[PDB]
Structures are given as structure tokens and as C-alpha cells.
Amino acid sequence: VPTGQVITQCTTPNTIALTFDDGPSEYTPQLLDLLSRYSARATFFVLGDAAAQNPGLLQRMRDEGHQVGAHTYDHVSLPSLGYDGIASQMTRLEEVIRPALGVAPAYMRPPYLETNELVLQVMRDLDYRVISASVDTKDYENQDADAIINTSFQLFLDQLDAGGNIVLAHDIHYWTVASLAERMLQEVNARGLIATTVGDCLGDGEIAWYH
């Protein structure tokens, strides 16, 4: 799996990577229970303060077969920073994850999906795989019981049908965990799909998901 190169598509047949940004949050526990119910493994791209404050959730993620990835400490668009600012965004997050897991993610997702050549260079240098998305649910814009189905689920089905398989949602949001995640899992199960972690969907052994 190359480092410092935008990845948007799984490479394993019949897999889909449900991925959740900006946590962990107060809704993460209900989301993990829901995932285990469907034997589904997901990927959580986590933030600095949320990770510092929630080392138990990180551990529940790993213990339960999920992948913890990096989402920067402060959620700042990385093309806005110079070499040292990008680097510090990643290393400050590593230093708050390592005490919880004993290791740090070697996969990350750029905030707002924004990259440029400089951020990919830093990610190559820090040994990160850079995960974007091919199914964007826009769940953060659709936080209402009708919107989250009308648009976010609809977007999910339309992009899934078009062959998209790295699904972006945010487990910080109530309606994502209360309504969208259940609808996406029912769809996974109905179709014949394997919901697994981003690393596994890319043919990477679990050992390579951390460094």
C-alpha cells in the first residue's frame, strides 16, 4: 500500500470500508455495538482532544476488530500549513494515541479531504497512507431525521451503485449513528458485502496499519 498517495477505492473484491471521522464522541459506543451486531469492522479517523480524552474508546475500537486511523490533532486543513505544521499535526496526534494503544496509526485521512504536493510529501516522510473517500454521505449537512435518509442515505446508495467503496461519515453526529449507520449496515448485509477496515480492504495485514 503506497504512502503519500491519495487512496479513494478498496482493492479487495466485495469489500466496503465504512469510515467515521472526527471522533471519538459520545455516540461512538452505540456505533461500535451496532457494528458488532453486523460482524462489520470499521475505521475511525480520530482527532487530538477527542482521542486524549477517550483512550478507552480507542481500545474498544482495536479490541473489537476496528482500525484506528489519524485525522490530525486540530482538524486544520493541511495545505494551509508548512512542512513543520503538517508534521506536528500528525506527531501530536501520535503522542496522544500511543499511550492508549502502544502504537500509532500508519493510515490517515486529511481534514476536508484537502491535500497538495507538500502534504503528500510529509505523509510519505512520516510513513502515512493517505485515505480519501469514494462515497461521501454529506452526513454533517443532513442532521435531521428526514434529511439524513433523503440525501445522505440516497447519496450512499447512488455512490455505492456507482462502485464507490470507501464511505465517509462522521460518528460525532447524532443522526449518523441513530439512523444512517443502521441503514448502511442493512444495505451491506442485504448486498453481499464484507464490511471491513480500510487496511484490510487494501490488502494490508493488521500489522501494517500501525507504526
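Numbering starts at 1 and follows the sequence shown.
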Comparing mean C-alpha B factor in the record for 49 to 57 and 63 to 71, the higher one is 49 to 57
Between 17 to 25 and 186 to 194, the record assigns the higher mean Cα B factor to 186 to 194
Among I86, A100, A106, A133, the highest C-alpha B-factor in the PDB entry belongs to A100
In this crystal structure's PDB entry, the residue among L78, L113, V122, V96 with the greatest CA B factor is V96
By the entry's values, the third containing the CA B factor of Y38 is the highest
By the entry's values, the third containing the CA B factor of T151 is the middle
Chain thirds by Cα B factor, record data; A162 belongs to the highest
